[PDB]
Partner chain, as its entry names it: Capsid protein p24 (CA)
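Okay, here we've got a single chain as structure tokens, the form deposited without the partner chain, with questions on binding and movement later.
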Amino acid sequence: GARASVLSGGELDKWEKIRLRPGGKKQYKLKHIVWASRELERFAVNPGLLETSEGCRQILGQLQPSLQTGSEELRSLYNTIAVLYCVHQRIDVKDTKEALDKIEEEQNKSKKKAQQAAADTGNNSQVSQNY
């Protein structure tokens, strides 16, 4: 994967400063971005969007609701992209854990604007209990 860089000289240094795990000590590497960039192309999405914070925000917004039935490929993508998006918004995370949660807080304020469907719902969906 080498169609076009995604992170800048500055973001690159901050990208390698992001830990993959909460307790682990393994930082992030291009292998993680390059992989996603070559993945989006398979999801009918151009890798030229990852270069812009707006592109990611839009990509994640699609996988978010797909997390329910998203194969491993979807998981790795969301997690990875999540860490990248944070960088584009000049946000420094402690790990792939605090990064995923951080994106939930910044989006929470947005969901409040479109929380008309969540409430006053009238459609009993299938209920499960298998963890």
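Positions refer to the first chain, counted from 1.
The form solved in complex with the partner chain exists for this protein as well; it is not shown, and the discussion that follows is about that form.
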*Is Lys26 close enough to the partner chain in the entry with it bound to count, meaning some heavy atom within 4.5 Å?*
no
*asked:* Is it the case that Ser76, even though its partner is missing from this view, gets within 4.5 Å of the partner chain in the entry with it bound, heavy atoms only?
replied: no
*Contact flag, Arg42 vs the partner chain in the entry with it bound, heavy atom cut 4.5 Å*: yes
*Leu49: touches the partner chain in the entry with it bound, heavy atom cutoff 4.5 angstroms*: yes
*Of the listed stretches (54 to 62, 26 to 34, 79 to 87, 93 to 101), which one has a non-hydrogen atom within 4.5 Å of the partner chain in the entry with it bound?*
54 to 62
